[PDB]
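J.: Please find run.pdb (PDB, C-alpha atoms and all ligand atoms) on the next line:
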ATOM      1  CA  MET K   1       0.000   0.000   0.000
ATOM      2  CA  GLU K   2       1.014   3.656  -0.263
ATOM      3  CA  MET K   3       2.280   5.290   2.921
ATOM      4  CA  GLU K   4      -0.108   8.148   3.798
ATOM      5  CA  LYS K   5      -3.224   6.018   3.400
ATOM      6  CA  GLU K   6      -1.744   2.944   5.020
ATOM      7  CA  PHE K   7      -1.061   5.439   7.828
ATOM      8  CA  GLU K   8      -4.677   6.562   8.240
ATOM      9  CA  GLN K   9      -5.801   2.940   7.969
ATOM     10  CA  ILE K  10      -3.607   1.971  10.949
ATOM     11  CA  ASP K  11      -4.743   5.003  12.947
ATOM     12  CA  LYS K  12      -8.449   4.332  12.348
ATOM     13  CA  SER K  13      -7.990   0.633  13.156
ATOM     14  CA  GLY K  14      -5.667   1.294  16.125
ATOM     15  CA  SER K  15      -3.257  -1.498  15.146
ATOM     16  CA  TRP K  16       0.184   0.142  15.562
ATOM     17  CA  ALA K  17       1.213  -2.352  18.261
ATOM     18  CA  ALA K  18       0.368  -5.295  15.999
ATOM     19  CA  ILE K  19       2.249  -3.841  13.018
ATOM     20  CA  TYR K  20       5.280  -3.177  15.229
ATOM     21  CA  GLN K  21       5.226  -6.674  16.733
ATOM     22  CA  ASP K  22       5.215  -8.174  13.217
ATOM     23  CA  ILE K  23       8.434  -6.265  12.484
ATOM     24  CA  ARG K  24       9.969  -7.601  15.703
ATOM     25  CA  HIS K  25       9.019 -11.164  14.728
ATOM     26  CA  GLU K  26      10.474 -10.946  11.190
ATOM     27  CA  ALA K  27      13.691  -9.120  12.142
ATOM     28  CA  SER K  28      17.058 -10.758  11.540
ATOM     29  CA  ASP K  29      18.964 -12.605  14.273
ATOM     30  CA  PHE K  30      22.740 -12.774  13.792
ATOM     31  CA  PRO K  31      25.472 -13.597  16.307
ATOM     32  CA  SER K  32      27.059 -10.943  18.567
ATOM     33  CA  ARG K  33      29.760 -13.101  20.169
ATOM     34  CA  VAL K  34      32.479 -10.423  20.455
ATOM     35  CA  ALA K  35      30.122  -8.045  22.333
ATOM     36  CA  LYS K  36      29.455 -10.755  24.963
ATOM     37  CA  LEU K  37      33.075 -11.645  25.806
ATOM     38  CA  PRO K  38      33.751 -10.981  29.522
ATOM     39  CA  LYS K  39      36.545  -8.505  28.772
ATOM     40  CA  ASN K  40      33.980  -6.229  27.052
ATOM     41  CA  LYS K  41      31.369  -5.951  29.815
ATOM     42  CA  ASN K  42      32.304  -2.379  30.712
ATOM     43  CA  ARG K  43      32.178  -1.372  27.003
ATOM     44  CA  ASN K  44      28.420  -2.006  26.765
ATOM     45  CA  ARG K  45      25.826   0.322  28.249
ATOM     46  CA  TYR K  46      22.924  -2.181  28.080
ATOM     47  CA  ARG K  47      23.243  -5.969  28.203
ATOM     48  CA  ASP K  48      20.458  -6.502  25.640
ATOM     49  CA  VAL K  49      21.813  -4.069  22.964
ATOM     50  CA  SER K  50      24.836  -5.409  21.090
ATOM     51  CA  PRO K  51      26.326  -5.050  17.592
ATOM     52  CA  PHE K  52      26.209  -8.072  15.293
ATOM     53  CA  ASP K  53      29.637  -9.547  14.543
ATOM     54  CA  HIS K  54      29.241  -9.240  10.773
ATOM     55  CA  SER K  55      28.604  -5.460  10.799
ATOM     56  CA  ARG K  56      30.444  -4.206  13.915
ATOM     57  CA  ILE K  57      32.981  -1.378  13.642
ATOM     58  CA  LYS K  58      36.497  -2.539  14.531
ATOM     59  CA  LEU K  59      38.963  -0.240  16.260
ATOM     60  CA  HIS K  60      42.465  -0.272  14.710
ATOM     61  CA  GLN K  61      44.067  -1.675  17.830
ATOM     62  CA  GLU K  62      45.541  -5.120  18.447
ATOM     63  CA  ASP K  63      44.802  -5.366  22.178
ATOM     64  CA  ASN K  64      41.018  -4.954  22.029
ATOM     65  CA  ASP K  65      39.231  -3.835  18.860
ATOM     66  CA  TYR K  66      35.701  -3.738  20.331
ATOM     67  CA  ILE K  67      33.213  -0.840  20.384
ATOM     68  CA  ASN K  68      29.415  -0.999  20.562
ATOM     69  CA  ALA K  69      28.862   0.408  17.036
ATOM     70  CA  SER K  70      27.429  -0.943  13.730
ATOM     71  CA  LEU K  71      27.845  -0.059  10.020
ATOM     72  CA  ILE K  72      24.415   0.297   8.374
ATOM     73  CA  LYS K  73      25.112   0.155   4.563
ATOM     74  CA  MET K  74      22.051   0.995   2.378
ATOM     75  CA  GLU K  75      22.855  -0.224  -1.138
ATOM     76  CA  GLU K  76      20.025   1.250  -3.273
ATOM     77  CA  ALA K  77      19.988   4.590  -1.444
ATOM     78  CA  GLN K  78      23.806   4.796  -1.562
ATOM     79  CA  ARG K  79      24.033   5.989   2.053
ATOM     80  CA  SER K  80      25.970   4.563   5.002
ATOM     81  CA  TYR K  81      25.617   5.319   8.733
ATOM     82  CA  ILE K  82      27.459   4.241  11.885
ATOM     83  CA  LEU K  83      24.982   3.746  14.754
ATOM     84  CA  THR K  84      26.467   3.621  18.253
ATOM     85  CA  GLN K  85      25.539   3.890  21.942
ATOM     86  CA  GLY K  86      26.150   7.050  23.921
ATOM     87  CA  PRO K  87      29.770   6.867  25.068
ATOM     88  CA  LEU K  88      30.564   5.584  28.582
ATOM     89  CA  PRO K  89      33.224   6.979  30.947
ATOM     90  CA  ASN K  90      35.588   4.203  29.848
ATOM     91  CA  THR K  91      34.811   4.443  26.076
ATOM     92  CA  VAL K  92      35.054   8.178  25.255
ATOM     93  CA  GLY K  93      38.560   7.660  23.881
ATOM     94  CA  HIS K  94      37.391   4.689  21.770
ATOM     95  CA  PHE K  95      34.518   6.813  20.404
ATOM     96  CA  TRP K  96      36.854   9.524  19.051
ATOM     97  CA  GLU K  97      39.316   6.876  17.786
ATOM     98  CA  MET K  98      36.428   5.493  15.677
ATOM     99  CA  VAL K  99      35.472   8.928  14.353
ATOM    100  CA  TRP K 100      39.120   9.433  13.305
ATOM    101  CA  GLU K 101      39.704   5.976  11.809
ATOM    102  CA  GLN K 102      36.413   5.923   9.873
ATOM    103  CA  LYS K 103      36.989   9.480   8.423
ATOM    104  CA  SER K 104      33.620  10.761   9.588
ATOM    105  CA  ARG K 105      32.831  14.463   9.182
ATOM    106  CA  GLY K 106      29.759  14.677  11.435
ATOM    107  CA  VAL K 107      28.437  13.335  14.765
ATOM    108  CA  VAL K 108      24.640  13.356  15.325
ATOM    109  CA  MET K 109      23.515  13.305  19.008
ATOM    110  CA  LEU K 110      19.786  12.804  19.696
ATOM    111  CA  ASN K 111      19.773  12.731  23.545
ATOM    112  CA  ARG K 112      20.671  15.009  26.468
ATOM    113  CA  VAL K 113      23.494  14.017  28.818
ATOM    114  CA  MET K 114      20.922  13.797  31.660
ATOM    115  CA  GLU K 115      17.327  12.675  31.055
ATOM    116  CA  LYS K 116      14.732  11.456  33.571
ATOM    117  CA  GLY K 117      17.221  12.380  36.331
ATOM    118  CA  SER K 118      19.851   9.830  35.243
ATOM    119  CA  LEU K 119      22.971   9.989  33.079
ATOM    120  CA  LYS K 120      22.327   8.824  29.498
ATOM    121  CA  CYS K 121      25.887   9.332  28.181
ATOM    122  CA  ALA K 122      29.220  10.824  29.183
ATOM    123  CA  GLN K 123      30.136  14.503  28.684
ATOM    124  CA  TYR K 124      32.405  13.535  25.782
ATOM    125  CA  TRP K 125      33.097  16.944  24.150
ATOM    126  CA  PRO K 126      34.489  20.205  25.628
ATOM    127  CA  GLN K 127      32.118  22.942  26.713
ATOM    128  CA  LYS K 128      34.592  25.881  26.670
ATOM    129  CA  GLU K 129      37.076  26.896  23.959
ATOM    130  CA  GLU K 130      39.949  27.321  26.426
ATOM    131  CA  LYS K 131      39.410  23.909  28.167
ATOM    132  CA  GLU K 132      40.309  21.253  25.611
ATOM    133  CA  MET K 133      40.129  17.477  26.231
ATOM    134  CA  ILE K 134      42.955  14.955  25.907
ATOM    135  CA  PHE K 135      42.190  11.215  25.605
ATOM    136  CA  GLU K 136      45.407   9.568  26.713
ATOM    137  CA  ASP K 137      44.403   5.963  26.008
ATOM    138  CA  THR K 138      43.940   6.726  22.260
ATOM    139  CA  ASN K 139      46.276   9.771  21.913
ATOM    140  CA  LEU K 140      43.740  12.315  20.629
ATOM    141  CA  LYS K 141      43.057  15.967  21.443
ATOM    142  CA  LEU K 142      39.645  17.596  21.019
ATOM    143  CA  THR K 143      38.969  21.378  21.037
ATOM    144  CA  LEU K 144      35.731  23.365  20.880
ATOM    145  CA  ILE K 145      36.054  25.911  18.021
ATOM    146  CA  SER K 146      32.557  27.472  17.957
ATOM    147  CA  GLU K 147      29.006  26.780  19.091
ATOM    148  CA  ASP K 148      25.661  27.933  17.628
ATOM    149  CA  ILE K 149      22.668  27.417  19.978
ATOM    150  CA  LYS K 150      19.205  27.406  18.382
ATOM    151  CA  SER K 151      15.769  26.714  19.805
ATOM    152  CA  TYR K 152      15.617  23.000  18.942
ATOM    153  CA  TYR K 153      19.261  22.053  18.336
ATOM    154  CA  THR K 154      22.869  23.191  18.713
ATOM    155  CA  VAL K 155      25.695  22.916  16.140
ATOM    156  CA  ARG K 156      29.313  22.825  17.267
ATOM    157  CA  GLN K 157      32.559  23.001  15.328
ATOM    158  CA  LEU K 158      35.244  20.778  16.888
ATOM    159  CA  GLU K 159      38.930  20.157  16.052
ATOM    160  CA  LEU K 160      40.215  16.609  16.437
ATOM    161  CA  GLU K 161      44.001  16.157  16.469
ATOM    162  CA  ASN K 162      45.805  12.849  16.184
ATOM    163  CA  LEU K 163      48.685  13.496  18.583
ATOM    164  CA  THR K 164      50.814  10.689  17.065
ATOM    165  CA  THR K 165      50.946  12.367  13.620
ATOM    166  CA  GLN K 166      49.914  15.980  14.427
ATOM    167  CA  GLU K 167      47.235  15.756  11.725
ATOM    168  CA  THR K 168      44.040  17.732  12.429
ATOM    169  CA  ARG K 169      40.447  17.543  11.171
ATOM    170  CA  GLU K 170      37.267  19.550  11.545
ATOM    171  CA  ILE K 171      34.284  17.592  12.986
ATOM    172  CA  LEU K 172      30.714  18.956  13.056
ATOM    173  CA  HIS K 173      28.562  18.084  16.131
ATOM    174  CA  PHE K 174      24.793  18.191  15.464
ATOM    175  CA  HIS K 175      22.917  18.026  18.786
ATOM    176  CA  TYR K 176      19.123  17.672  18.787
ATOM    177  CA  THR K 177      18.277  18.960  22.271
ATOM    178  CA  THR K 178      14.465  18.845  22.463
ATOM    179  CA  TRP K 179      13.331  15.207  22.119
ATOM    180  CA  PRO K 180      10.952  14.778  25.111
ATOM    181  CA  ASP K 181      11.918  12.654  28.123
ATOM    182  CA  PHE K 182       8.827  10.454  27.449
ATOM    183  CA  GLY K 183       7.178   9.587  24.133
ATOM    184  CA  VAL K 184       7.927  11.212  20.745
ATOM    185  CA  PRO K 185       7.498  14.795  19.429
ATOM    186  CA  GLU K 186       3.974  15.892  18.579
ATOM    187  CA  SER K 187       5.051  17.312  15.183
ATOM    188  CA  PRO K 188       7.985  16.099  13.027
ATOM    189  CA  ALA K 189       8.713  19.611  11.796
ATOM    190  CA  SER K 190      11.707  20.369  14.028
ATOM    191  CA  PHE K 191      13.214  16.885  13.552
ATOM    192  CA  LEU K 192      12.981  17.269   9.741
ATOM    193  CA  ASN K 193      14.491  20.760   9.904
ATOM    194  CA  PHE K 194      17.364  19.224  11.888
ATOM    195  CA  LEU K 195      17.819  16.382   9.369
ATOM    196  CA  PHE K 196      18.035  18.935   6.532
ATOM    197  CA  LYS K 197      20.709  20.883   8.439
ATOM    198  CA  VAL K 198      22.827  17.725   8.779
ATOM    199  CA  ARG K 199      22.370  17.062   5.040
ATOM    200  CA  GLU K 200      23.293  20.628   4.061
ATOM    201  CA  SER K 201      26.616  20.364   5.963
ATOM    202  CA  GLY K 202      28.054  17.575   3.762
ATOM    203  CA  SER K 203      28.223  15.146   6.707
ATOM    204  CA  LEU K 204      26.034  12.522   4.963
ATOM    205  CA  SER K 205      27.763  12.699   1.568
ATOM    206  CA  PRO K 206      30.019  10.120  -0.144
ATOM    207  CA  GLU K 207      33.149  12.298  -0.033
ATOM    208  CA  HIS K 208      33.345  11.603   3.732
ATOM    209  CA  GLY K 209      33.271   8.522   5.939
ATOM    210  CA  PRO K 210      29.886   7.531   7.398
ATOM    211  CA  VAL K 211      28.164   9.897   9.823
ATOM    212  CA  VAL K 212      28.244   8.695  13.467
ATOM    213  CA  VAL K 213      24.725   8.777  15.015
ATOM    214  CA  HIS K 214      23.838   8.046  18.650
ATOM    215  CA  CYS K 215      21.298   8.367  21.413
ATOM    216  CA  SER K 216      21.528   6.442  24.688
ATOM    217  CA  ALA K 217      21.349   2.871  23.290
ATOM    218  CA  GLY K 218      21.836   3.788  19.613
ATOM    219  CA  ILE K 219      18.704   1.998  18.291
ATOM    220  CA  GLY K 220      15.598   4.080  19.037
ATOM    221  CA  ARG K 221      15.881   7.795  18.167
ATOM    222  CA  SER K 222      18.983   6.862  16.136
ATOM    223  CA  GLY K 223      16.942   4.375  14.096
ATOM    224  CA  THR K 224      14.289   7.027  13.460
ATOM    225  CA  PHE K 225      16.913   9.419  12.046
ATOM    226  CA  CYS K 226      18.448   7.007   9.495
ATOM    227  CA  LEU K 227      15.103   5.409   8.541
ATOM    228  CA  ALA K 228      13.599   8.803   7.711
ATOM    229  CA  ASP K 229      16.696   9.952   5.789
ATOM    230  CA  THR K 230      16.943   6.761   3.670
ATOM    231  CA  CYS K 231      13.195   6.662   2.879
ATOM    232  CA  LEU K 232      13.173  10.293   1.666
ATOM    233  CA  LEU K 233      16.276   9.688  -0.506
ATOM    234  CA  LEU K 234      14.646   6.644  -2.144
ATOM    235  CA  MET K 235      11.502   8.704  -2.881
ATOM    236  CA  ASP K 236      13.711  11.168  -4.818
ATOM    237  CA  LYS K 237      15.638   8.479  -6.718
ATOM    238  CA  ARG K 238      12.778   6.233  -7.924
ATOM    239  CA  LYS K 239      10.354   6.719 -10.815
ATOM    240  CA  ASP K 240       7.449   5.773  -8.522
ATOM    241  CA  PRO K 241       7.867   7.334  -5.042
ATOM    242  CA  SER K 242       4.760   5.548  -3.713
ATOM    243  CA  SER K 243       6.683   2.274  -4.075
ATOM    244  CA  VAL K 244       8.845   3.090  -1.029
ATOM    245  CA  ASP K 245       7.842   0.654   1.742
ATOM    246  CA  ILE K 246       8.964   1.957   5.128
ATOM    247  CA  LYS K 247       8.499  -1.412   6.846
ATOM    248  CA  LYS K 248      10.706  -3.132   4.270
ATOM    249  CA  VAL K 249      13.397  -0.446   4.598
ATOM    250  CA  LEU K 250      13.367  -0.868   8.394
ATOM    251  CA  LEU K 251      13.740  -4.641   8.111
ATOM    252  CA  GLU K 252      16.694  -4.119   5.725
ATOM    253  CA  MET K 253      18.340  -1.800   8.269
ATOM    254  CA  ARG K 254      17.752  -4.379  11.063
ATOM    255  CA  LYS K 255      20.003  -6.787   9.143
ATOM    256  CA  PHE K 256      22.864  -4.520  10.341
ATOM    257  CA  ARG K 257      21.868  -3.570  13.953
ATOM    258  CA  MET K 258      19.281  -5.085  16.275
ATOM    259  CA  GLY K 259      16.288  -3.320  17.706
ATOM    260  CA  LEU K 260      16.043  -0.245  15.456
ATOM    261  CA  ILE K 261      12.839   1.646  16.387
ATOM    262  CA  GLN K 262      12.063   0.725  20.005
ATOM    263  CA  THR K 263       8.311   1.405  20.305
ATOM    264  CA  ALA K 264       5.153   1.529  18.200
ATOM    265  CA  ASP K 265       5.090   5.283  18.892
ATOM    266  CA  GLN K 266       8.545   5.643  17.296
ATOM    267  CA  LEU K 267       7.279   3.642  14.292
ATOM    268  CA  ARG K 268       4.268   5.948  13.882
ATOM    269  CA  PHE K 269       6.492   9.014  14.241
ATOM    270  CA  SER K 270       8.810   7.713  11.484
ATOM    271  CA  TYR K 271       5.823   7.385   9.126
ATOM    272  CA  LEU K 272       4.742  10.934  10.021
ATOM    273  CA  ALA K 273       8.219  12.341   9.371
ATOM    274  CA  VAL K 274       8.571  10.694   5.948
ATOM    275  CA  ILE K 275       5.045  11.742   4.900
ATOM    276  CA  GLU K 276       5.517  15.406   5.815
ATOM    277  CA  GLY K 277       9.050  15.474   4.530
ATOM    278  CA  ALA K 278       8.016  14.222   1.090
ATOM    279  CA  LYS K 279       5.782  17.305   0.634
ATOM    280  CA  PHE K 280       8.480  19.789   1.500
ATOM    281  CA  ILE K 281      11.018  18.228  -0.838
ATOM    282  CA  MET K 282       8.906  19.244  -3.836
ATOM    283  CA  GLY K 283       8.889  19.928  -5.180
ATOM    284  CA  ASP K 284       7.442  21.940  -2.328
TER     285      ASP K 284
HETATM  286  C1  LIG K 301      25.193  26.915   9.049
HETATM  287  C2  LIG K 301      26.713  26.667   9.000
HETATM  288  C3  LIG K 301      27.189  25.453   9.803
HETATM  289  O1  LIG K 301      26.423  25.239  10.888
HETATM  290  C4  LIG K 301      28.727  25.589  10.182
HETATM  291  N1  LIG K 301      29.153  26.428  11.395
HETATM  292  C5  LIG K 301      28.407  26.365  12.639
HETATM  293  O2  LIG K 301      28.873  26.240  13.728
HETATM  294  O3  LIG K 301      27.048  26.442  12.466
HETATM  295  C6  LIG K 301      26.233  26.790  13.557
HETATM  296  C7  LIG K 301      30.514  26.901  11.250
HETATM  297  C8  LIG K 301      30.622  27.965  10.185
HETATM  298  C9  LIG K 301      29.670  27.573   9.045
HETATM  299  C10 LIG K 301      29.514  26.080   8.967
HETATM  300  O4  LIG K 301      28.861  25.578   7.770
HETATM  301  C11 LIG K 301      30.901  25.534   9.214
HETATM  302  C12 LIG K 301      31.308  25.764  10.697
END
Spell out the structure here as structure tokens.
T.:
Amino acid sequence: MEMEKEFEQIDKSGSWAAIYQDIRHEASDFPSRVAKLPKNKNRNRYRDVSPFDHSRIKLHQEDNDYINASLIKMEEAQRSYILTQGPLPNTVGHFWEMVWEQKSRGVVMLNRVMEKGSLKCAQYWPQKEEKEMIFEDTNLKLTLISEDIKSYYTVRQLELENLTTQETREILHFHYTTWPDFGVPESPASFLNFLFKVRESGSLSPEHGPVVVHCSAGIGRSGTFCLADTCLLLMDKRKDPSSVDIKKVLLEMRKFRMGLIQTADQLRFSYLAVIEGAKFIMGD
């Protein structure tokens, strides 16, 4: 079926939970043996969220190459994404090592450091220009260059230096600051505006390594971001945009990381975002 009318048909019939459970039943199951080794327990935020072995990002280190991060490679859309958990106190150096080694331009953060009165990820970037951060375990230096605070999101320019080689690179930090502590946003308008700002920066384009996207577990809000982006790109590429099947795209993405889209409310919100976004693209 088309999307917008399949949407109203699920609303009128109140069957979002059943649609979402079908996705959960059909989703791929691949091994994640490296994630479960005892030496990696303090590298995982949640025991039930792990990268598959076949798609995990490997650190360029011979001691321990593990990070909780997955490469989502979308062949028809010609987009790739790295989805990862919010860094932990003992993985902030690994996080920036990955950004460096994978040649990423942008980092997309969809959570606040504290939500619901608990810490959802480490304070992994510097908050003042004159107070830079050094990660001694991976030999990197990170400096805040500039910060632009807007009503729904903040953009930061960061400098990452590889202290071994003295090479430097500019990284863009896109921080969506207004996702509510509970539920999903009422309108997708600010989330779409944010997506378009990431796109306009070059961070999603083939001349760079894959964008790094995270929330707390790296599957819920993060899944919503890449699902919406890929679906809108396919609607621009194809002769028949109504052939884009959001459930099929989501199942394809779940071949590369488990659990993408965590609730039926997140599924409904993804539909809403793609539907509204398709009108603004045109040609609107
Ligand atoms: C809209 C521009 C974009 O956000 C970037 N920026 C920034 O922090 O934006 C708030 C700096 C200067 C322009 C940039 O494109 C590059 C770094």
J.: Using the chain letters and numbers from the file, which residues does the PyMOL selection byres (((chain K and resi 3) around 8) and not hetatm) grab, as a VMD selection string?
T.: chain K and resid 1 to 2 4 to 7 242 244 to 246 271 275
J.: Using all atoms listed in the file, which of the listed residues (K:82, K:149, K:134, K:67) sits closest to ligand LIG 301 (chain K)?
T.: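 Closest to ligand LIG 301 (chain K) of all the choices is K:149.
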J.: At a cut-off of 7 Å around ligand LIG 301 (chain K), and using all atoms listed in the file, what residues come up? Please write them as a list in words.
T.: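 What falls inside 7 Å of ligand LIG 301 (chain K) is residues 146, 147, 148, 155, 156, 157 and 201 of chain K.
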J.: Could the residues in this selection be written to a file with C-alpha atoms, as an mmCIF file, in the frame of the given file?
T.:
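Final file, again_21.cif:
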data_model
loop_
_atom_site.group_PDB
_atom_site.id
_atom_site.type_symbol
_atom_site.label_atom_id
_atom_site.label_comp_id
_atom_site.auth_asym_id
_atom_site.auth_seq_id
_atom_site.Cartn_x
_atom_site.Cartn_y
_atom_site.Cartn_z
ATOM 1 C CA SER K 146 32.557 27.472 17.957
ATOM 2 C CA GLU K 147 29.006 26.780 19.091
ATOM 3 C CA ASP K 148 25.661 27.933 17.628
ATOM 4 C CA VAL K 155 25.695 22.916 16.140
ATOM 5 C CA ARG K 156 29.313 22.825 17.267
ATOM 6 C CA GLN K 157 32.559 23.001 15.328
ATOM 7 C CA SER K 201 26.616 20.364 5.963
#
J.: Using only C-alpha atoms, which residues sit within 12 Å of residue K:39 once same-chain residues fewer than 5 positions away are excluded, as a list in words?
T.: residues 33, 34, 44, 63, 64, 65, 66 and 67 of chain K
J.: Do you have the atom CA of residue K:263-atom CA of residue K:107 distance handy?
T.: 24.0 Å
J.: Can you tell me how far atom CA of residue K:226 sits from atom CA of residue K:92, in Å to one decimal?
T.: 22.9 Å
J.: List the residues sitting within 10 Å of (35.5, 21.0, 14.9) in the file's frame, using all atoms listed in the file, as a compact mmCIF listing (two decimals) with C-alpha atoms, in the coordinates of the input.
T.:
# COMPACT_ATOMS: atom_id res chain seq x y z
CA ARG K 105 32.83 14.46 9.18
CA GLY K 106 29.76 14.68 11.44
CA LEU K 142 39.65 17.60 21.02
CA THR K 143 38.97 21.38 21.04
CA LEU K 144 35.73 23.36 20.88
CA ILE K 145 36.05 25.91 18.02
CA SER K 146 32.56 27.47 17.96
CA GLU K 147 29.01 26.78 19.09
CA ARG K 156 29.31 22.82 17.27
CA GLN K 157 32.56 23.00 15.33
CA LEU K 158 35.24 20.78 16.89
CA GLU K 159 38.93 20.16 16.05
CA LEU K 160 40.22 16.61 16.44
CA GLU K 161 44.00 16.16 16.47
CA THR K 168 44.04 17.73 12.43
CA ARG K 169 40.45 17.54 11.17
CA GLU K 170 37.27 19.55 11.54
CA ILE K 171 34.28 17.59 12.99
CA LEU K 172 30.71 18.96 13.06
CA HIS K 173 28.56 18.08 16.13
J.: Grab the atom CA of residue K:224 to atom CA of residue K:261 distance for me, in Å with one decimal place.
T.: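 Between atom CA of residue K:224 and atom CA of residue K:261 the gap works out to 6.3 Å.
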J.: Name the residues captured by the PyMOL selection byres (((chain K and resi 104) around 7) and not hetatm) when it is applied to the shown file; answer as a ChimeraX atom specification.
T.: /K:99-100,102-103,105-106,208-212
J.: List the neighbours of residue K:236 out to 12 Å using only C-alpha atoms; skip same-chain residues closer than 2 positions along the sequence, and give me the result as a PyMOL selection string.
T.: chain K and resi 76-77+229-234+238-244+274+277-283
J.: So which residues are close to (25.6, -0.6, 22.8), meaning at most 7 Å away in the file's coordinates with all atoms listed in the file counted, and can you show them as a list in words?
T.: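 Those residues lying close to the given coordinates are residues 44, 45, 46, 49, 50, 51, 68, 69, 84, 85, 217 and 218 of chain K.
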J.: For the provided coordinates, the residues matched by the PyMOL selection byres (((chain K and resi 30) around 12) and not hetatm) should be stated as number ranges by chain.
T.: K: 27-29, 31-33, 50-56, 254-258
J.: Could you write out that same residue set with C-alpha atoms as an mmCIF file, keeping the file's coordinate frame?
T.:
data_model
loop_
_atom_site.group_PDB
_atom_site.id
_atom_site.type_symbol
_atom_site.label_atom_id
_atom_site.label_comp_id
_atom_site.auth_asym_id
_atom_site.auth_seq_id
_atom_site.Cartn_x
_atom_site.Cartn_y
_atom_site.Cartn_z
ATOM 1 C CA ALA K 27 13.691 -9.120 12.142
ATOM 2 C CA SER K 28 17.058 -10.758 11.540
ATOM 3 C CA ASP K 29 18.964 -12.605 14.273
ATOM 4 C CA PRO K 31 25.472 -13.597 16.307
ATOM 5 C CA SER K 32 27.059 -10.943 18.567
ATOM 6 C CA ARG K 33 29.760 -13.101 20.169
ATOM 7 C CA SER K 50 24.836 -5.409 21.090
ATOM 8 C CA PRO K 51 26.326 -5.050 17.592
ATOM 9 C CA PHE K 52 26.209 -8.072 15.293
ATOM 10 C CA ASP K 53 29.637 -9.547 14.543
ATOM 11 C CA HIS K 54 29.241 -9.240 10.773
ATOM 12 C CA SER K 55 28.604 -5.460 10.799
ATOM 13 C CA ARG K 56 30.444 -4.206 13.915
ATOM 14 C CA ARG K 254 17.752 -4.379 11.063
ATOM 15 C CA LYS K 255 20.003 -6.787 9.143
ATOM 16 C CA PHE K 256 22.864 -4.520 10.341
ATOM 17 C CA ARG K 257 21.868 -3.570 13.953
ATOM 18 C CA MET K 258 19.281 -5.085 16.275
#
J.: Closest to residue K:57 among K:248, K:175, K:199, K:94, using only C-alpha atoms?
T.: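 Result for the nearest residue to residue K:57: K:94.
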